[PDB]
Structures are given as C-alpha cells and as structure tokens.
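Engineer: Structure in structure tokens, see below.
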Amino acid sequence: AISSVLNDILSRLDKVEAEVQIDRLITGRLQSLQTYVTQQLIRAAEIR
Amino acid sequence: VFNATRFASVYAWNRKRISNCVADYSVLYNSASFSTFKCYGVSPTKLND
Ligand SMILES: *[C@@H]1O[C@H](CO)[C@@H](O[C@@H]2O[C@H](CO)[C@@H](O[C@H]3O[C@H](CO)[C@@H](O)[C@H](O)[C@@H]3O)[C@H](O)[C@H]2NC(C)=O)[C@H](O)[C@H]1NC(C)=O
C-alpha cells in the first residue's frame with residue numbers, strides 16, 4: 001500500500017481507491033495478530 | 001503553467017517548479033476544457049485538503 005498510516009490514506013483518497021489500499025493493511029495487520037496470538041497460545045502451553 | 005503561449009517538444013519537456021504559494025485545484029477541476037484529469041497517489045477532490 002501507499003502508506004503505513006491509515007488516516008494519511010483516508011485523507012488522500014476517495015471511497016474506492018482507499019478500499020483497494022486499506023484492505024492491504026487489514027490483511028497484513030490481521031495476519032500480524034493471527035501470528036502473535038498463535039505465538040502466545042503456544043508459549044502459554046510452554047509456561048502451562 | 002496551463003496557459004503559456006507555447007509548450008515544449010516532448011523530447012525536451014519543460015519542467016517549472018511551483019513553491020511558496022497557495023494552490024486551489026478546484027479552478028482546474030471545474031474547468032470544462034480538460035479531457036483528462038487523472039490522479040495517481042491522491043484523489044482529485046482531496047487536493048484542496
Ligand atoms: C487561460 O486564461 C483565461 C484568462 O484568464 C482563462 O479564462 C477565464 O476564466 C475565468 C474563470 O476562472 C473567467 O472568469 C469569469 O467567469 C464567469 C464568466 O461567465 C463570470 O460570471 C465571472 O464573474 C468571472 O469574471 C473569465 O471570463 C475567462 N476569460 C476568458 C477570456 O476566457 C482560462 O480559464 C485559462 N485557461 C487555463 C487552462 O488556465
């Protein structure tokens with residue numbers, strides 16, 4: 001995407017070009033939590 | 001910029017630097033003269049913000 005700040009996309013783009021950009025961040029970020037929460041669920045099984 | 005008497009040949013394409021001034025892009029967007037006004041890292045409305 002054009003920028004790693006959300007509001008610097010949203011101020012600079014319309015309702016459709018922003019949907020193409022923003023969903024990239026929604027993807028990448030979601031995969032960043034889906035990673036992190038997995039990593040914690042496994043560590044948690046280590047500490048358990 | 002948009003109203004010089006002559007433009008350059010596209011091999012020697014002239015480049016004018018714009019700086020230390022107010023820009024109102026609605027003047028251009030509202031101009032029924034332009035066949036093409038596509039923006040490539042912003043949207044043409046949001047230019048004013
Ligand atoms: C090239 O230069 C031209 C002269 O500056 C310019 O045309 C002028 O455009 C303005 C609007 O920005 C007009 O202003 C008048 O508009 C209406 C006309 O009905 C009036 O009700 C308003 O009160 C206002 O005075 C000028 O009338 C118009 N003049 C001429 C001779 O066309 C072009 O827009 C410029 N083109 C580019 C590409 O920049």
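Residue numbers start at 1 in each chain; chains themselves are named A, B, ... in the order of the structure tokens; ligands are numbered from 1 in the order shown.
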Set the cut-off to 7 Å and count only C-alpha atoms: what are the residues of chain B that reach chain A? Output as a PyMOL selection string.

Structural biologist: chain B and resi 42-43+46

Engineer: Within 12 Å of ligand 1 (counting only C-alpha atoms and all ligand atoms), which residues show up? I'd like them as a PyMOL selection string.

Structural biologist: chain B and resi 1-5+24-35

Engineer: I need the helix (DSSP H, G or I) residues of chain B per DSSP on the backbone, written as number ranges by chain.

Structural biologist: B: 26-29, 46-48

Engineer: Can you work out the spacing between CA of residue 24 in chain A and CA of residue 4 in chain A in Å, to one decimal?

Structural biologist: 10.0 Å

Engineer: Expressed in Å to a single decimal, how great is the separation between CA of residue 25 in chain A and CA of residue 40 in chain B?

Structural biologist: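 Straight-line distance from CA of residue 25 in chain A to CA of residue 40 in chain B works out to 19.1 Å.
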